[PDB]
């Protein structure tokens, strides 16, 4: 059974929210012809990725059992791809290279974001099941 499942569930809820926010923001950036939009959203984007960095600092020590450790390792590998593609979409759009940004969005960012959210859901499912198994 997962230990401290409720604490991890709350941290993953915030993490999921941050990913969902960043996906909405990056998608809007990629599809707008306004190259300056990435600059006008940059402080908000920095706040969202910092919030996840903080979640990671809190949650990593609490992820202990093999099933949740295996998922966390998978999340960290996909997150590397996700961050590289997010930053590339943003740089291309800032640089006026709109077609390349749109191509990167679909070819790289979207699959990485979808995998990131799917793995976060697998991680959450482990926690929720453990908590629901002790609730009574």
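Numbering follows the first chain given and starts at 1.
Comparing 10-18 with 123-131, the higher mean C-alpha B-factor in the PDB entry belongs to 123-131. Here the stretch with the larger average CA B-factor, out of 38-46 and 23-31, is 38-46. Annotation for residue 88: C-alpha temperature factor in the middle third relative to the rest of the modelled chain, per the entry. Remark: residue 105 belongs to the middle third of its chain, ranked by C-alpha B-factor as recorded. Among the modelled residues of its chain, residue 67 has a C-alpha B-factor that falls in the highest third, as given in the PDB entry. Sort the chain's modelled residues by C-alpha temperature factor and residue 56 lands in the highest third, per the entry.
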